[PDB]
């Protein structure tokens, strides 16, 4: 990997979220290394670890996921894995 990141998705409705977010990840040419989804209280929640063999622009990715999350009524965060290693 040149890039790795953890993506967090929080919303109220689960409907179509896994398809939307996985499709977006794929649109951006990122690999899904792992994924998990959990209903928690009244919320549907989803986390994915993603990567690419090329350096990416987190400024762009963060804004792009944020804007995409908004279209689906969910909050999306992306964190570079560089924080841990």
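Residue numbers count along the first chain shown, from 1.
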| item | value |
| --- | --- |
| Mean C-alpha B-factor comparison - 40 to 48 and 56 to 64, higher one | 40 to 48 |
| CA B-factor placement of residue 24, once the chain's modelled residues are sorted into thirds | lowest |
| Modelled-residue ranking by C-alpha temperature factor, third containing residue 1 | highest |
| Chain third (lowest, middle, highest) by recorded CA B-factor, residue given as residue 83 | highest |
| Residue 72 - Cα temperature factor, lowest/middle/highest third of chain | highest |
